[PDB]
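Observations on the model geometry
Take a look at the letters that make up each chain.
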Amino acid sequence: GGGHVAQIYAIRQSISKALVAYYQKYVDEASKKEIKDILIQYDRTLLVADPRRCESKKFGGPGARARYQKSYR
Amino acid sequence: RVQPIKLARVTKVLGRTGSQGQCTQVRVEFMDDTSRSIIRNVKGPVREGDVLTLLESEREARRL
Amino acid sequence: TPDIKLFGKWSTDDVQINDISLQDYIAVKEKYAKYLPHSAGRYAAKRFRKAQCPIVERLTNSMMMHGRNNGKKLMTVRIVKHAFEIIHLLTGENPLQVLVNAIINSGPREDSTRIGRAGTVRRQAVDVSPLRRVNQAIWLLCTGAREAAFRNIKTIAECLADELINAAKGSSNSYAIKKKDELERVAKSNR
Amino acid sequence: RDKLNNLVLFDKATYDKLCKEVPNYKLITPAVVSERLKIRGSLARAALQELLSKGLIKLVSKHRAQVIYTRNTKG
Amino acid sequence: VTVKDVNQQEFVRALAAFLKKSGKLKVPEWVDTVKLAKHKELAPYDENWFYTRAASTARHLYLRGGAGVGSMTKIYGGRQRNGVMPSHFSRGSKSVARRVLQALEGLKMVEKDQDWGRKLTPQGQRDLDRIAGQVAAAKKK
Amino acid sequence: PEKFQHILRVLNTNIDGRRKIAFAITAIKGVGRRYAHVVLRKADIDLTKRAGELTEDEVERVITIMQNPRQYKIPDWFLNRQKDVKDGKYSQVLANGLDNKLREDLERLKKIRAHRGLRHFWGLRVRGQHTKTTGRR
RNA sequence: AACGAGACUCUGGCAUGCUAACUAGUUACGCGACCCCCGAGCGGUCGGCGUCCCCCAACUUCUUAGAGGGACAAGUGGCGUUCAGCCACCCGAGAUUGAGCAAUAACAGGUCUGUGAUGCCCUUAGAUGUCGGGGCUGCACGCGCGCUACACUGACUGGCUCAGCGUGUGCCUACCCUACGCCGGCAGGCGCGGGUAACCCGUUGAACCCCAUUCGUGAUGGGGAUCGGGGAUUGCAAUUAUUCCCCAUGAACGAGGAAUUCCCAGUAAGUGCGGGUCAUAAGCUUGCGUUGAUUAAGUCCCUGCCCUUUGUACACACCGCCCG
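Residues numbered from 1 in each chain as written, not as in the entry; some residues may be left out. Chains lettered and ligands numbered in written order. Part of a larger assembly, values for the part shown. Heavy atoms only, no water.

Method of determination, as annotated in the archive: X-ray crystallography, at 7.0100 Å resolution.

Heads up, the rule is: UniProt positions are given in the numbering used here, feature names are shortened, and annotations may be inferred rather than shown by experiment.
Under the annotation held in the PDB entry, chain F carries the name 40S Ribosomal Protein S18 and is attributed to Oryctolagus cuniculus. Each PDB entry has a title, and for this one the record gives "Rabbit 40S ribosomal subunit in complex with eIF1 and eIF1A". Recorded in UniProt for chain F, the comment headed Function (literature references left out) runs: "Component of the small ribosomal subunit. The ribosome is a large ribonucleoprotein complex responsible for the synthesis of proteins in the cell." A UniProt comment under Subcellular location is attached to chain F, and it reads "Cytoplasm".

As recorded by the PDB entry, chain B carries the name 40S Ribosomal Protein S28 and is attributed to Oryctolagus cuniculus. According to UniProt, the comment filed for chain B under the heading Subunit (literature references left out) is "Component of the 40S small ribosomal subunit. Part of the small subunit (SSU) processome, composed of more than 70 proteins and the RNA chaperone small nucleolar RNA (snoRNA) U3."

As structure tokens, this is what we get:
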């Protein structure tokens, strides 16, 4: 899914979340917290999914906020 | 008659003028000496604590 | 990567915004070092937030201009990474420091606004905010590099390096430096 | 203006100019060679790859789009 | 290295050359004349290119269950400049890819797969893996 | 490396030598880019160079292929004049000779008085296009 | 108190929670095999990416669609009648994801060519109710929406390479989507075989893009106009090109005056795709994902419309009504 950059961001998030999910069931909590700390600090969203998503285009423009063209008379 | 350059730090953001609404009123703590405090008009986006570089250092505006 | 969070490979630490006030909408990383001039980046919602954005990325974004070039960040990131390398070859240093310097040096301190003035509308000398100083500078340099690069053999990365270097120590060779002095000169009259 | 006309084949003496100059420059790309001589751009290129021989010039990035070369490896 | 181990450009570059040395692939006499895609602007600068496509395809098949020419035409197919009209896909030739598929068979790299589509053979699977190693081995760099 | 020519002539056109062969050739009427590109490939030249470079040899070799393309693994579909009609040719018209045949063809259907002919004669259009709003200047 | 707004409904993100799934997948076997040696080992054997086996394996995490919960600006801190609210900050999806629903009352707004809605009128056998053929498509000139462009952030050739909204035949009367083999440079031709579809086309292996080369700043390789010849597809019929291709001919355009549209976040812009029209025919419209900024964060200056107060010889209402 997504496309070329889209994919990169997803895989990196999956990996860091992965590592933390793993320290949460097998290792100890302080370690995983240490990791969420380093990520969350410097970050990039690594452990939290960015919301931002397509807005729907509305008749009268070919984009969502873009409105066609007018000449008046 | 004159030249110098003055550093001044934003104390309190007053509100907005220009009929277009694009100049922001400001109150400035005079940086090199705090015992000064004056009102200056701004082009850009300004927020408390950041710094102006005053040419004129008297003047002290109002509307326009 | 684990020792210190360098840039493509450049250190954030030890770069100092040599200019009080500007300090701080130029965002290096009073902790924020990253790796790449690309991010999901939500800057738009708030008025200020943009300041948070790393200046490098801010510069990279301004790079992708002109209808055709819109949205080509990968291209800009590529250009930016190259430019830093050219700058480094040209003076050692941190090219990022070089970048910051050009930005500090270019923001018009004073400017002019078109005050109504009755008739023969005169223009009022006003001082310029630091956000504007940063915003304006990055334009100037980008417009400078882009304008130069267009009919010449030389690449944007190169023209960018040239604009950045000349500006870092304000050579006035630069388009941007000449523009800033022009805007400021205008500010002073009017008053 | 800017009308550019380029020497598109080697002229001996221009071969000498190349190896006896280019060690002068810190930056060399296609454009440099073109402006500072009057090289084709096509024959700029071939001069770059050749120069990288065992180099007069040294690679720091030849991004598909761009070579970026430095002065040779002096003091 | 699995072929998956080696970067696509070097893998294809090395294999394509290996094929060239082997000297026995086979080649619609044309190949001098052909564009390779109606979309195409000019033919291929490397008139030598028949080998590169073959390598590319062999690698392409090894990756996947089975593929056929239509897919390749599209893969090779780029965007075609309508001129006045906006640009659109145009799956690239079918003779070249077919001939490529037929020729590869001769070497046994690939064989007709069940339910249509050509699949890599174990002979090819072995051959690609072998060159893949050679490429990995060459050097670091 | 070496030098020479700038400025060489093939069959009745002057061909800038500085220029790359493929592109250099395309001055000749009837040699478009797809043409000249395939002709040269046929004609054995190091593709890598400038028309001004190369030999008198290679030149005749380009010309010979250019006016007998069929006889060199150039397919007919690559050709300007398939199906002649007057001779049921195939052909690839070249040089001054393209202007010529263009004239012929226009004359042919002007003699015959066909509407296209008429259109060409008044200096309008012959493909089905609207003539109300454009081609006005 | 009610009406519009809102609440309301719809769509889409946060749910290792819920109940589930062979017309959806995943794990993980049993996994052998194909089986490669890719590395190690002399090899048996070990670790290894996929395909295939399918199973009396297991699952619901991705996928799915149903029910569940979450946002109330909740806590805290400044500000304000210390109120209503405003701003910052935390958890975290953050107060504002984006639409749909629209009153009172109007208009000589548009529509008789949507209407077997319709009046009157007109016509009605020498029809103003159908077939053959053309116009609608006639070109000194102006206008509007658009498309494509003006190149080295590019044009090119090889090569990395991922998707999503949607769609189909077995049809109100003639007919589908099409993978795969072969022939052809192409365009396309030809032989098959599945699919009322979450099964198949289609892990939509898209395109931008990324990249190793070439070009080199020349209207040139930017651009693709116009025209000539020619190949094929749709149709009984394409000539007035339906369209597509192949070659050739290779235009203006090297940044756009007066003016002027639209726009605040997946937004502008680039970029492909699918649906509608449809026998054939997209430069269109109409969504969809992909790549993704610059920039106000406000205000009433211009413009437009409604809020008071005020003036009015206006009231078919300034596009209105005053002197010689």
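**Re the interface of chain A and chain C**
Where interface size is quoted, it is often the accessible area lost as the parts come together. The test is simple: In this analysis, two residues are considered to be in contact whenever any of their non-hydrogen atoms come within 4.5 Å of each other. By buried area we mean the combined loss of accessible area, with a 1.4 Å probe, across both parts when two parts are placed together. Counted as salt bridges are all cases of a side-chain nitrogen of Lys or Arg within 4 Å of a carboxyl oxygen of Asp or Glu. We call two N or O atoms a polar contact when they sit within 3.5 Å, provided that within protein one can donate a hydrogen and the other can accept it, with sequence-adjacent residues counted only if both atoms are side-chain atoms. Secondary structure is summarised from DSSP: a helix means a run of H or I of at least four residues, a strand means a run of E of at least two, and numbering begins at the N terminus for each. By the convention adopted, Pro, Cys, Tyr, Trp, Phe, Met, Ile, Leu, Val and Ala count as nonpolar, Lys, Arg, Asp and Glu as charged, and the other residues, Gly among them, as polar.
At the interface, 7 residues of chain A touch 12 residues of chain C. Buried surface at the junction of chain A and chain C, summed over both partners, amounts to about 760 Å²; 53% is from carbon and sulfur atoms. Its largest share of buried area at the contact with chain C, chain A owes to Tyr42, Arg44 and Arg52 of chain A, together 60% of the area lost on that side. The interface formed by chain A and chain C includes 0 salt bridges. There are 4 residue pairs in polar contact connecting chain A and chain C. When contributions to the side of chain A that touches chain C are tallied by element, the ones reaching two or more residues are α1 (4–25) and α2 (29–42) of chain A. Partitioning the side of chain A that touches chain C into residue classes produces 3 nonpolar, 1 polar and 3 charged.

**Section: the protein's contact with RNA strand G**
Let me state the cut-off plainly: Consider each residue's heavy atoms; a residue with any of them within 4 Å of a molecule or strand counts as near.
Taken together, 167 residues are adjacent to RNA strand G, and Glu55 of chain A, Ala44 and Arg146 of chain C, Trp116 of chain E together with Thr131 of chain F come closest. The sugar-phosphate backbone supplies 75% of the atoms of RNA strand G found within 4 Å of the protein. Between RNA strand G and the protein, one listed contact pairs a phosphate oxygen with a side-chain N or O atom of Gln8 of chain E at 3.0 Å. For RNA strand G, a base nitrogen lies 2.5 Å from a polar atom in the side chain of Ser71 of chain E.

**Examining the interface of chain C and chain B**
Taken together, the contacts link 22 residues of chain C with 22 residues of chain B. Of the roughly 2100 Å² buried at the junction of chain C and chain B (both faces included), carbon and sulfur atoms supply 54%. The tally of links between chain C and chain B comes to 2 salt bridges. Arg191 of chain C is the partner of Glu56 of chain B in a salt bridge, and the nearest nitrogen-oxygen pair spans 1.6 Å. Inspection of the chain C/chain B interface yields 7 residue pairs in polar contact. Looking at the side of chain C that touches chain B, the elements with two or more residues in it are β1 (110–113), β2 (124–127) and α4 (130–149) of chain C. Within the side of chain C that touches chain B, the residues separate by chemical class into 10 nonpolar, 2 polar and 10 charged.

**Brief notes about the domain arrangement of chain F**
All names here are of chain F. The line we're drawing: What fixes the domain bounds is an automatic or database domain assignment.
We note that the domain assignment places domain 1 (1–75) and domain 2 (76–137) within chain F. Each of domain 1 and domain 2 was reduced to a C-alpha centroid, and the two centroids are 27 Å apart. Taken together, the contacts link 14 residues of domain 1 with 10 residues of domain 2. For the pairing of domain 1 and domain 2, the buried interface totals around 1100 Å² over both sides, and the portion due to carbon and sulfur atoms is 68%. On the domain 1 side of the interface with domain 2, the three residues burying the most area are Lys29, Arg70 and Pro75, jointly 42% of the side's total. If you look at where domain 1 meets domain 2, you find 0 salt bridges. At the junction of domain 1 with domain 2, the criterion picks out 3 residue pairs in polar contact. When residues in the side of domain 1 that touches domain 2 are grouped by element, the largest group, 3 residues, is from helix α2 (residues 33–42). In terms of residue class, the side of domain 1 that touches domain 2 is built from 8 nonpolar, 3 polar and 3 charged.

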